[PDB]
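Q:
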Amino acid sequence: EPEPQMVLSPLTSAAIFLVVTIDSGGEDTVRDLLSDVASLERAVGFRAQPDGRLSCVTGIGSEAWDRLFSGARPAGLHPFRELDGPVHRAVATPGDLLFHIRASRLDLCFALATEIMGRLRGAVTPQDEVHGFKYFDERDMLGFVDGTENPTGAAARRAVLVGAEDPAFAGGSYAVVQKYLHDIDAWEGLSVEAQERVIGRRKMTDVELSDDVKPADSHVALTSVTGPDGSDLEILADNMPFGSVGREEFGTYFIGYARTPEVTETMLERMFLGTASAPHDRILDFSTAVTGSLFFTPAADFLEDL
Amino acid sequence: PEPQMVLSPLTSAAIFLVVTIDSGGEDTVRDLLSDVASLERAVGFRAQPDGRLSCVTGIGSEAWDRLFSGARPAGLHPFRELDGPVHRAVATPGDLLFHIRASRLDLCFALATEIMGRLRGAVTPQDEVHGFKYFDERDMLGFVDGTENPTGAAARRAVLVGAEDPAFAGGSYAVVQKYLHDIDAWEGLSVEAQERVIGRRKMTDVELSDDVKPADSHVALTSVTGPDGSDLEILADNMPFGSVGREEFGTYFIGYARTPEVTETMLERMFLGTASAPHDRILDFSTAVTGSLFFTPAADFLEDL
Amino acid sequence: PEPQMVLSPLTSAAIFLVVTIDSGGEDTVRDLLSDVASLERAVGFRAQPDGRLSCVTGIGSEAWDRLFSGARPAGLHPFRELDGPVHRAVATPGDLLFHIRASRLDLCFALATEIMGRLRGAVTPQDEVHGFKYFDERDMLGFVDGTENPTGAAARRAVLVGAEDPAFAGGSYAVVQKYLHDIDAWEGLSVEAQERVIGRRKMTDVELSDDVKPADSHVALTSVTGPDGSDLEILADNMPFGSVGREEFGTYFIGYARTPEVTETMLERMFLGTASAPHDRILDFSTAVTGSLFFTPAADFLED
Amino acid sequence: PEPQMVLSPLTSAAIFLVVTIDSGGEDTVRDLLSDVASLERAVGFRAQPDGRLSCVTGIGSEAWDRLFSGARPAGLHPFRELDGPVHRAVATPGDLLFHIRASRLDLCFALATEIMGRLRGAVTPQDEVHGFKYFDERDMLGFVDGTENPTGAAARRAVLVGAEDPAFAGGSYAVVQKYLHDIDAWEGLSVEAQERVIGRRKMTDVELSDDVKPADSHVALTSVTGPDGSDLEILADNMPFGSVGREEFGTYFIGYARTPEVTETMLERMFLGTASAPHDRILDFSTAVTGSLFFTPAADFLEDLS
Amino acid sequence: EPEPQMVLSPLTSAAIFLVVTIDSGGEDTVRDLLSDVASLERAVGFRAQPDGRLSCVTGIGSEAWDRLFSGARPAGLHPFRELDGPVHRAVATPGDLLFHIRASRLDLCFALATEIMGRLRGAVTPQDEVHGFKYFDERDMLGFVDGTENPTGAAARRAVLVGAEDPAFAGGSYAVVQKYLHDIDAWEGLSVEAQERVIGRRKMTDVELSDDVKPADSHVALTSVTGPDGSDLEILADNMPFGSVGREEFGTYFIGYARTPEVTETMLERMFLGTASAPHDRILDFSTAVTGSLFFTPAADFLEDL
Amino acid sequence: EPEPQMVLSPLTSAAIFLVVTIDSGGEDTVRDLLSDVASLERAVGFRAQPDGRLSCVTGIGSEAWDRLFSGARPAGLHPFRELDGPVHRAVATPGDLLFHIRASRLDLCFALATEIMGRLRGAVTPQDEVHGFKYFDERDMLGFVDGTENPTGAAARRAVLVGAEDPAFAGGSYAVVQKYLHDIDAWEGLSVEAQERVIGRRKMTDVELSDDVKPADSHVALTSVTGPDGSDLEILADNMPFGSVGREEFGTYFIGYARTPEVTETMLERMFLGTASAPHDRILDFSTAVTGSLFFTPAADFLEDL
Ligand code: HEM
Ligand code: HEM
Ligand code: HEM
Ligand code: HEM
Ligand code: HEM
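Protein chains in written order, with UniProt numbering: chain R, 7 to 312; chain W, 8 to 312; chain S, 8 to 311; chain E, 8 to 313; chain X, 7 to 312; chain V, 7 to 312.
#1: Going by beta carbon distance, what residues of the same chain come within less than 6 Å of residue 231 (chain V), once the five residues before and after it are set aside?
#2: Return the chain-ordered list of same chain residues with a C-beta closer than 7 Å to the C-beta of residue 12 (chain S), the five sequence neighbours on each side being excluded.
#3: Mark residue 293 (chain S) as exposed unless 16 or more other C-beta atoms lie within 10 angstroms of its C-beta, in which case mark it buried.
#4: Looking at the strands, I want to know which residues DSSP matches up with residue 185 (chain S).
#5: Tell me whether residue 162 (chain R), by its Cβ, gets closer than 7 Å to a heavy atom of ligand 1.
#6: Is it the case that the Cβ atoms of residue 144 (chain E) and residue 152 (chain E) are separated by a distance below 8 Å?
#7: In chain X, which residues lie with their C-beta within 7 Å of the C-beta of residue 121 (chain R)?
#8: 8 Å is my cut-off, CB to CB: does residue 8 (chain R) come that close to chain X?
#9: So what does DSSP say about residue 133 (chain R), is it helix, strand or coil?
#10: Comparing the CB of residue 273 (chain E) with every heavy atom of ligand 4, is any distance shorter than 7 Å?
#11: Can you give the Cα-Cα distance for residue 75 (chain W) and residue 302 (chain W), rounded to whole angstroms?
#12: Could you check the C-alpha separation between residue 227 (chain V) and residue 277 (chain V) for me, to the nearest Å?
#13: Which first and last residues belong to the alpha helix (DSSP H) in which residue 190 (chain V) is found?
#14: Within 8 Å of any Cβ in chain R, is that where the Cβ of residue 112 (chain W) sits?
#15: Mark residue 31 (chain X) as exposed unless 16 or more other C-beta atoms lie within 10 angstroms of its C-beta, in which case mark it buried.
#16: Out of X:26, X:163 and X:33, which one is the CA nearest neighbour of residue 312 (chain X)?
#17: What residue range is occupied by the uninterrupted alpha helix (DSSP H) comprising residue 210 (chain X)?
#18: Apart from the five residues just before and just after residue 269 (chain V), which ones in its own chain have a Cβ nearer than 7 Å to its Cβ?
#19: I believe residue 101 (chain V) touches residue 128 (chain V) by the beta-carbon criterion, under 8 Å. Please report the beta-carbon distance rounded to the nearest angstrom.
#20: In the segment 185-201 of chain S, which residues sit with their C-beta less than 8 Å from some C-beta in chain V, listed in chain order?
#21: Residue 192 (chain X): beta carbon under 7 Å from a heavy atom of ligand 6?
#22: What beta strand (DSSP E) runs, 3 residues minimum, are completely inside the UniProt domain "Dyp-type peroxidase N-terminal" (11-140) of chain W?
#23: Determine, using beta carbons only, whether residue 223 (chain S) and residue 286 (chain S) come nearer to each other than 8 Å.
#24: Taking 6 Å as the limit between beta carbons, can you name the residues of its chain near residue 103 (chain R), skipping five residues before and five after?
#25: For the segment 45-54 of chain V against the segment 193-208 of chain V, do three or more pairs of beta-carbon atoms, one drawn from each stretch, fall closer than 8 Å, so that the two count as touching?
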């Protein structure tokens, strides 16, 4: 069987998101690093087992793929599509490589980020660097429990990993990233009941609102999609809070994994463009996307054999 | 008098916040100071016993005169710039220090958010650092950091104001300096050459014997004896910080002492040197870009405003 | 087919809830059954991954006919009362079982609260027990409890319905009995006499050799071999409970098996005895005050 | 003098046992009191260092007179019933309190078993509650509970008898009340209306500012200043308990203080009200079904008995 | 279908290695014990689950196999082959039975070793007993991280467990044991850079030296072997530090598991006999093997069906 | 004002006991190490803070004291007194220096023992080295809970630390060490009830037997001593299990700390020589002492000022 990267890691309490572009002539340096990134993950992580829980997921963008590799492309790989809604906009920003680094502690993430960027100095330009921290009770920046309905076990594998539909790339996945900044002052002006109507779940107990009370423009209602087969379309989301109190920056870094980008893209269309029953996702009245990129995260064996 | 949590254990995460008080900000600051222990309990209590959240609040010399009438702490003055032959210890603005520590960065951030929320419109941020200790108690240079800090009774005697300034008993003095490292130059040294810079073995943290420890090693220069033959001691809670994209690899220094004269004597030896040492060799790999001195009063002084 | 969490890791806290469905409560019950996996995730997620919260939902024989049309699980029937020469296994009412386990009682209680909140006006509570682990995985008799439970593939084979009843594959059968102990009489036995009752060493939990193990020891009577010479196995997740003021020192027994015939053969040996054993000596110190049988369907059955 | 473990580290489980001493049970009770520290060590030592087992033993006013022939603690009297215009604080029988705490209920239960085993035939049980920590130190109303308890030196000064009653130095006074909550009525309030009852924010546990905090909020009525302008403080170790089938959702209140006058002044404000407040709004959702006062002597007083 | 023993154990911090010979006439006692060893593992281990992580792996030597069992032998079972190199020697020492006992705590290991040796008294003679302990961040006595490049998951199963090539013994494995004593005085006279050239990795950070700088006689270069298909040949090594400061004994207990002994034997030949480019493994200039034995560790159900 | 060594350490799960003799001419090397032992303890221990709990207590024997130091001697310092009972003997064996090393993990103990013995090579000869481990719920090799009745807090300080009776040595303590080997075959031939009569406590529950059933020759009855003024004479005992399954060696390493050796020596006299009511301690019918040494453990500041 093809070995996937650690896409299906549990939630961790810390993360570093690194997005870079590949400079002209940086291709060979990048390929050498990609062939070593699993050995660097083991080097930093092994000595901190079993509590460290260090992993790195490496993704490659559409344009970068054509510069790095000859032969077949993954079927679903394309640049992130800008969404220009009546009120809210999902921007497309540059990114050739994603490093999604997770651990129980920020220092382990930083040590791996240092070894990776050390090997890439002179070959890449940093576009985004976010140090994420989950709150102690699994809450996000908005004060809600975050990750509850993520798939687990066999359902997660089926939702997230490329299989027989694209056999040369089996065990890969597609990652969409968006960095969101929140209007915390406007959010904290809402009553708890009004915040629950925005999300679609109870704030303290994390119980879903019943179908009779859940607004059609609630985050949970708009991101609930059924496929051709009547089954739920599922993604794995590993949202991380980040920020700077001095700059009044209060963010959620969104990363969503899926077997095809079509699922994530359908959810984004419903959020930003709306439906017959909803102008847009009410979460967007308190959240502005300032980045947007799509990456293919190949099977671990594809990176090793390069 | 109850001291603030100056004598906290080691924590793996910290936020350092330094702000200046804007024109007319005094009343807003006084209200927050009277509430900061209650905000620390509000954020921290629900995460006990693993959170280990604490906040130490410090006030600078100029800010003291704007906020309070009556007696000043005897040792409170602005940070003294040291302009050495090679290396310089700079002075930068700061009226208020918040030294926030916990087992996890999210608890530090949640307390920092409530504090800055109450101070919006009254202060200007000067510095914000999110610190993380390495899982083996190492700093950015790869050395174990904090080994010779005093503990128990020796720590109380070294750090807390007593009968020499009785109105301020239970207070302390904090010196902060943000350092940026030349990691490329440091990593070009052999481990043996790095051990000669610090004065300790890198892997095992055993002190070099007096016959091998260079006179210009960090441990040799920061070892000071008082007139009475006693070691002069401070409590240092150094925290790594950085940004890989910006190639920023730092150590945030904070040193607590019963009088600033001890910390200032250590800085003079590091920056100006001795008869036997031009300067602290750690400064050939470390540049100070901030410098501020604060008085951290007893907790009941802040509560009684 | 996805089973419920019948094969849960060891947990230190449990709530057992047994209710009857009132006349006209059927639709309220069906709506809750379709939601119970969502409620388990809602309560459990905020304590992940150390919470280990799970709920196993079971349905009784009589309740099954009131709730559903079409096929019944092949083994589902009311608990059979056993009237032995000395000891009796009583049958008591129960339409729904909630077997709630976690590493802490708060998670169990919060899930029990949401479930009973949805069922208010539709059900009558029959039994509620709050169980706790007692130091060294010990029970109220001071013996290690759970040692010989099957694990891995052997556990799946022993506990889950397969191809013998294909519409119900991934289901299981749960037998529950609440036991109260005579701790005064038990503590009057020497340790060596207690070891002869159970069939294992008290401190070290080593099985007694075949030459010394009495025929009427608990371990000898509950050891049954099937047609092929293989041991017939169940998964037992016994939990201590009690009230010191009322002198109630209990074991809540729950036994999971792929067919109730295995568990029922063990109960017959214990209560009725054999040619070699009058009855299980554990029953001279333990009185059953409840007895019910439930089918715990595959998770996908409850969702649709 | 060595105090009992009144100032215990944080624990997640408790058993509260209240018994009366039967006629002729005095000798059996005295023998047990002289042994209760040895029983605590016997059950607890084998589970060190994580068990954190302690037992605090309290004696009521009437029981004190039956057991001991010398001086009484200055503040010991039967619990004073408070008959308010709306709410009543009942006085119920209790001679002995066992306040048993640990990191796990098994240790509490095993110690309760050994104590009651020694007292069979000499006492009648009045009350038995098994308490548990609920999430992030919340009580059954969904609020964080314990936040403003004193710590360290301030706790010692607030809770332990000193030079004002020198024969009893190291002792304390415990008031117990078992409360049952009307959860249906409580859950009909908005979160903002709940916060006005308590005096703190529900999710974040931030105290309401003095300009918004109602005069009849729990935090406003239990905030008392003494003759010198200093705050009068108690140590409260509230524990949730209940039974979902019987719809019993409770708070077991125990308050420790150096003199019962502090706790009694707080109860008078709650139940009888002030010029500005009819009564504590928490009592519109909470009914006291027990009320007892106990003196918890220094450990060496119990050890030195016949 | 065949259940392997716990060859692929999670990470554990304590171990006992017991090697015994079977005395003349001890065969029947040994067969009875082998049929009971999984029941003894459950008896000691269950009460400490789930954090105890107690397991025992039982191995049988080539000569003992012929004394105990009639019928088929595992295809790869033979006595350990002595290697007489120009400088360094890998000695063969007697051993009929291996007990590889691991747990999170030494007490569980010791209690299981006690029950096993209790059943075997008068049937076996102990040859070697070592109590191993985890040393800081997974370091060995040379101060290097040890275990980094072990296979995990499916790759570990494929490398370690017998499959269809020897179908009667599927789910078995081969264990090679060597007890090594280190010359710590000579090792600590090397600079860290000279130590890194011996191992082939950075000491503090555990990053592999690049192919241009890694010496051909480094430990990592000599133990890196490719098979006929260009794939790396892998083993599972679970090295444990041990020692006695008073006797200046600073040791590594090596145990290597593989699906066939030919892989481990090829690594030993390269270390002891060298290649065209390396006289021998430089680690052997600081490490002396004082035992050497090979065992077959059968599937669990082979032992149970005695 | 004098700082004691960590005689009153929290509970630890691992220990190394090192006893050495000082070779002719080794005095100066020993004095240098004594002045550095607190610095070595911090160097090894800091990197594992705060859960490591590493401490070293250094003791000096009577003969060694006279070789190392001039002037006043601790008032109670003498060689261990051999006890020649009618049946049982307490042997005196050589030992000049004791290192009593404790931590939550063996690796910290071992690393500190290595640094100490490294500094002492050529100046000392090892006499005894034992690696101790916690055995289940604080049990010893006889299956009984061990340490239950040790004093704690202020009572422990008063029992263990030299004060005004020997003011030049205030803050010191006296340690008696005896290595015991158990006859486990003889012990396992007793019923549990017969074992309980040997110890004087219940085996599973660790409840003391009542005064009406506790035999006069039980361990608990013989080690219970009152002084002329009615107060209990107390020691701090920190017994550690050790052993080797292959050698059938099952031991208890006894170390007892007291403010004067007269207390410990009175307990040993009652055990070995007996009383009017008891021939000897019945624990000695299953336990043989194979070492016996007495050391003075000075105040930390005494060692630092060399
Ligand atoms: C500001 C950014 C976001 C925040 C703070 C956020 C937060 C949340 C929260 C609190 C929940 C409820 C608990 C849970 O199931 O995890 C949720 C559910 C979910 N979110 Fe988001 N979200 C964000 C952006 C997105 C985006 C961009 C997507 C899709 C492209 C997305 C997809 C989902 C999905 C699919 C669910 C699960 C719905 C269900 O089946 O119940 N989220 N989110
Ligand atoms: C610039 C970055 C700095 C770094 C990375 C650093 C790092 C270290 C390290 C690794 C040690 C040895 C372990 C220990 O005892 O903690 C140490 C010791 C010490 N440092 Fe620093 N340090 C820095 C700045 C300073 C400053 C600014 C002062 C005083 C003003 C200072 C005072 C000391 C003292 C007093 C010791 C203990 C010396 C002794 O053994 O007595 N350090 N430092
Ligand atoms: C008062 C109620 C009960 C108590 C206190 C109790 C206690 C125990 C104990 C201490 C063991 C030995 C350790 C272990 O393997 O778990 C055991 C084993 C066992 N019990 Fe029970 N038990 C009770 C009721 C039952 C019931 C009602 C059944 C079956 C219907 C049952 C079936 C078994 C089985 C099958 C074993 C494993 C036998 C073997 O293969 O070794 N038990 N029980
Ligand atoms: C149903 C019964 C009760 C409940 C649910 C309850 C709950 C709470 C809560 C949520 C708080 C705020 C957080 C904190 O500081 O602990 C609080 C504070 C407090 N409660 Fe209660 N309480 C109850 C009864 C009592 C009683 C009977 C007394 C005293 C006789 C009392 C005295 C206090 C005090 C002194 C405070 C702290 C006020 C301050 O200084 O901020 N409580 N309680
Ligand atoms: C003195 C005894 C030994 C010591 C101290 C030792 C230490 C190490 C160290 C530090 C590494 C690097 C980290 C790692 O991947 O584990 C390593 C790797 C390895 N060792 Fe050893 N080892 C010893 C004996 C052996 C023996 C006898 C064999 C084989 C028969 C062996 C096979 C290996 C293998 C296959 C690797 C992984 C190489 C790679 O692909 O990266 N070692 N060992």
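Ideal placement from N, C-alpha and C gives every residue a C-beta, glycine not left out.
A: Well, looking at it:
#1: Against the sixth sequence, residue 231 (chain V) aligns to sequence position 225. Only 239 and 272 meet the Cβ criterion.
#2: Counting from one through the third sequence, the residue named residue 12 (chain S) turns up at place 5. Within the same chain, residue 12 (chain S) has close Cβ partners 61 and 63.
#3: Counting from one through the third sequence, the residue named residue 293 (chain S) turns up at place 286. With 16 or more Cβ atoms within 10 Å of its Cβ, residue 293 (chain S) is classed as buried.
#4: Numbered from its first residue, the third sequence carries residue 185 (chain S) at position 178. Beta-bridge pairing links residue 185 (chain S) to S:259.
#5: By one-based count along the first sequence, residue 162 (chain R) stands at place 156. Every heavy atom of ligand 1 is 7 Å or more from the Cβ of residue 162 (chain R), so no.
#6: If you number the fourth sequence from 1, residue 144 (chain E) lands on position 137. If you number the fourth sequence from 1, residue 152 (chain E) lands on position 145. Closer than 8 Å, so yes.
#7: For the purposes of this step, residue 121 (chain R) is identified with residue 115 of the first sequence, where counting begins at 1. Within chain X, the residues near residue 121 (chain R) are 213.
#8: Looking up residue 8 (chain R) in the first sequence gives position 2. Not an interface residue.
#9: To locate residue 133 (chain R), count along the first sequence from 1; it is residue 127. Assignment of residue 133 (chain R) by DSSP, reduced to helix, strand and coil, places it in the strand class.
#10: Locating residue 273 (chain E) in the fourth sequence gives position 266, where the first residue counts as 1. Yes, the beta carbon of residue 273 (chain E) sits closer than 7 Å to at least one heavy atom of ligand 4.
#11: By one-based count along the second sequence, residue 75 (chain W) stands at place 68. By one-based count along the second sequence, residue 302 (chain W) stands at place 295. When rounded, the distance between both Cα atoms is 13 Å.
#12: Numbered from 1 along the sixth sequence, position 221 holds the residue referred to as residue 227 (chain V). Numbered from 1 along the sixth sequence, position 271 holds the residue referred to as residue 277 (chain V). Distance between the alpha carbons of residue 227 (chain V) and residue 277 (chain V): 10 Å.
#13: Position 184 of the sixth sequence, counting from 1, holds the residue named residue 190 (chain V). Counting along the chain, the alpha helix (DSSP H) containing residue 190 (chain V) begins and ends at 190-194.
#14: Walking along the second sequence from the start, residue 112 (chain W) turns up at place 105. Answer yes: the Cβ-Cβ gap between residue 112 (chain W) and chain R drops below 8 Å somewhere.
#15: Position 25 of the fifth sequence holds residue 31 (chain X). Exposed, because fewer than 16 other Cβ atoms sit within 10 Å of the Cβ of residue 31 (chain X).
#16: Looking up residue 312 (chain X) in the fifth sequence gives position 306. Cα-wise, what sits closest to residue 312 (chain X) is X:33.
#17: In the fifth sequence, counting from the first residue as 1, residue 210 (chain X) sits at position 204. No alpha helix (DSSP H) holds residue 210 (chain X); DSSP gives it neither H nor E.
#18: Here residue 269 (chain V) is taken as the residue at index 263 of the sixth sequence, counted from 1. Only 239 and 241 meet the Cβ criterion.
#19: On the sixth sequence, residue 101 (chain V) is found 95 positions in, with the first residue counted as 1. On the sixth sequence, residue 128 (chain V) is found 122 positions in, with the first residue counted as 1. Incorrect: roughly 19 Å between the Cβ atoms, too far for contact.
#20: 197, 198 and 199
#21: Because ligand 6 does not appear in the structure shown, any question about it cannot be addressed here, the ligands present being ligand 1, ligand 2, ligand 3, ligand 4 and ligand 5.
#22: 20-28, 61-66, 103-109 and 130-139
#23: For this step, residue 223 (chain S) is matched to residue 216 along the third sequence. For this step, residue 286 (chain S) is matched to residue 279 along the third sequence. Yes; because the gap between Cβ atoms is below 8 Å, this pair is in contact.
#24: Along the first sequence, one-based indexing puts residue 103 (chain R) at 97. Excluding sequence neighbours, residue 103 (chain R) sits near 26.
#25: no
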